[PDB]
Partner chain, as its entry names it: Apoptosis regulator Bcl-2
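As a starting point, one isolated chain is supplied in structure tokens, in the form deposited without its partner chain.
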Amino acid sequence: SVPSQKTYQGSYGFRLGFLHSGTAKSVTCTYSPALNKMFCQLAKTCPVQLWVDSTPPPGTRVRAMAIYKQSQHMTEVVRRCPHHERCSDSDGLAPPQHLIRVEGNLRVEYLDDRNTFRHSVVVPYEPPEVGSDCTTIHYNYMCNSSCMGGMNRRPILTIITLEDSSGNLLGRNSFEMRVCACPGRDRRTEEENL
């Protein structure tokens, strides 16, 4: 079956925030509120902000999972193309088939679900650093949207679930993802069709 993508703020008032980076040619990662769509270059830092009304307990965990947006493709597992799967860009932690990685977190953990075969990456929730109102996770996407043998120009969603130490759903949110060479231009072009 297909993982739930239904928004759920839950007890702790869980929602996602994004940097306001604009669409200049030099930008590596930019978000479109209009499309609720993130545009990142291959393997480059993709900051996602966790916002809460109340601090969840210690041992709370944040999980990222990719699915295909279109109904006909939803049952197919999102994974890296054979080319990117084979290439030597391994960090020693991430499985080579996994699209979504986390950088600068040695407590990162990766799951091949034994039932659904779905890929996900999970880190411990940490409260905001002193002088901050949200928690930032740096994701890396390791395959282009245009990759034949992979996503093959098919739109994907990233599902961020907040869960406790025992794996109970606390909150869920989602955003569309495109991995492309010129994020600035592509966002500006996709917003032009409004």
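Positions refer to the first chain, counted from 1.
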Higher avg CA temperature factor (177 to 185 vs 14 to 22, as deposited) belongs to 177 to 185
Mean C-alpha B-factor comparison - 146 to 154 and 129 to 137, higher one | 146 to 154
Assigned third (lowest, middle, highest) for the C-alpha B factor of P96 | middle
C-alpha B factor of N105, ranked within the chain: lowest, middle or highest third?
-> middle
For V123, the third of its chain into which the C-alpha B factor falls | lowest
Would the CA B-factor of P33 place it in the lowest, middle or highest third of its chain?
-> lowest
Cα B factor band for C81 (lowest, middle or highest third within the chain) = highest
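The form deposited with its partner chain bound is left out here; the points below concern that form.
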Which residues in 97 to 122 have a heavy atom within 4.5 Å of its partner chain in the entry with it bound?
-> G104, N105, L106, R107, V108, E109
